[PDB]
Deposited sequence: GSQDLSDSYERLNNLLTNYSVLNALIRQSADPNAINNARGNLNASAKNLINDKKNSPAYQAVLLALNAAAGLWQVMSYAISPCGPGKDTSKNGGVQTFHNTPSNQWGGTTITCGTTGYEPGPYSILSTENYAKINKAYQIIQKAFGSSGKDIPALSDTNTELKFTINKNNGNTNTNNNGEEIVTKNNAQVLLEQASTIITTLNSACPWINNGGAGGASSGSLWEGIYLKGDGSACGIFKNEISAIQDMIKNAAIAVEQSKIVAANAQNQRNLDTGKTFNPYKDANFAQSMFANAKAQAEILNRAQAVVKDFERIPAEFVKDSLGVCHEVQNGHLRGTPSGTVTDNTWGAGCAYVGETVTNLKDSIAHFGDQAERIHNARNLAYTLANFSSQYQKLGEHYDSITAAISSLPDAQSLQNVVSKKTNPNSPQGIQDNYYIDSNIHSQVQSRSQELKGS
């Protein structure tokens, strides 16, 4: 009915009015502005300077361990690599050291198979093994022997230099590492080699891995369709968090507090508001992305994480952290998802202050226009009430008081009666039923 429609219409105007009002009041308070700026500076440093309690850093870590872990847990069952009949083609014949531990503990592989032609549903080309291996080796060297060598997101120019089996000169930074992680999964997915016996094995699942159930396709991209997909999105989301960290990083400098004793003019003294907004919007995105990484990771069945990744050949052969680089992968996937979820939960207080800082910053950045909007909303509500039955009881839901003495230039002080608002809010949900 038209009356129920009118109430939901008025209620949303009241909500919009109430919120814009609290923000306009907040925009005129240097204490409230100093608190929000101090909150952003603290949570900025907590996102880009910390490792353990940073959902940004832990988001990266899970994407890397999950990319290295997939490769470590199933590379052994990939149809023996090589160039095919013509040894001058497809990367030829090559040998790779420090590869993922196989079912016997072997860490050296030769891609010398000629009996089959490389490609999807067949063997993995030597060139694609070299590609995936290079990416894997960079990830492993970046984590180091301790598994903690990756610098905090604010630090992007730390050099990574080592010799493979060529000499690699790159950066130990999240942008480079996430690209390495993408190379592993993208190359695995497109090359889509065959899995020995079409993945058939001795697990309760019917395949070679617990939690991995064969749906009639024996190739790598068939068997691991869900896991490849979850990991690709994990990389995509954590990469978004890494881009947004540039914004946070550009705003990490400590500012001087506004004088609480002096009058603050919101029309003139808020030139800092634009970067304050961009900082808060970025911090909120980082959080969105870190949580999305959790959600992508949880598409992977629990049995595959606990009874395959946590029981992989790397742990079976005693390759752990703390010379040799065994810091990354399937051995630490399970604890990283715990550390990421825990870091997001511990970011609770900070997350709320970020949203509040964002809204205040947008209001300060657009004060003139936002204040005019408060007036429009007042006029819109007064108009809406006029046609309603018993408009007389409701007329006082909003009120305005003049103050031409205002040193801040806020000549009209707007108000809202919380009780008449509650009544409308509740009368609207009563009419909806």
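task = Can you give me the gaps, meaning deposited-sequence stretches with no C-alpha coordinates, in sequence order?
result = Coordinates drop out over 1-2, 168-179, 337-343, 455.
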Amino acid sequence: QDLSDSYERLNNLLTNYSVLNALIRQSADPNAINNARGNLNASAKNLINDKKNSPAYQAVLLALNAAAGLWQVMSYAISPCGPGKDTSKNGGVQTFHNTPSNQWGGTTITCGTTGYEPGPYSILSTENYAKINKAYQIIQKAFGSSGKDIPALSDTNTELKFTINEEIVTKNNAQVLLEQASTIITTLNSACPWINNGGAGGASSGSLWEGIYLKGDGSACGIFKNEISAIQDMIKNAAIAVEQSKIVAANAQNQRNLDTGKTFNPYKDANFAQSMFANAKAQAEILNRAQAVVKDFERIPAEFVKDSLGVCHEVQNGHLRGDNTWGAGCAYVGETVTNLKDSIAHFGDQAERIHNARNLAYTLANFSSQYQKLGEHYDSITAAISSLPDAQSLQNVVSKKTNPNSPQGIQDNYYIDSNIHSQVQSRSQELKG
From here on, numbers count along this sequence of modelled residues.
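inquiry  = So, looking at the entry's B-factor column for Cα atoms, which has the higher mean, 384-392 or 367-375?
reply    = The recorded data point to 384-392.
ask   = Quick one: higher average CA temperature factor, 198-206 or 354-362?
value = Result: 198-206.
task = Determine which member of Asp233, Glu243, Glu335, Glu298 has the highest CA B-factor, using the values in the deposited entry.
result = In this record, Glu335 carries the highest C-alpha B-factor of the candidates.
ask   = Out of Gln175, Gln72, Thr108, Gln253, which shows the largest CA B-factor listed in the entry?
value = Of the candidates given, the C-alpha B-factor peaks at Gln253.
inquiry  = Splitting the chain's C-alpha B-factors into thirds, which one does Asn403 fall into?
reply    = As the PDB entry reports it, the C-alpha B-factor of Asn403 lands in the highest third of its chain.
ask   = Taking the C-alpha B-factors as the PDB entry records them, is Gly119 in the lowest, middle or highest third of its chain?
value = Middle third of the chain for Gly119's C-alpha B-factor.
ask   = Lowest, middle or highest third of the chain for the C-alpha temperature factor of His319?
value = Top third by C-alpha B-factor.
message = Could you place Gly82 in the lowest, middle or highest third of its chain by Cα temperature factor, using the values in the record?
response = For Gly82, whose C-alpha B-factor we compare with every modelled residue in the chain, the answer is the lowest third.
inquiry  = Please say which third, lowest, middle or highest, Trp326 falls into when its CA temperature factor is compared across its chain.
reply    = For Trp326, the deposited C-alpha B-factor lands in the highest third.
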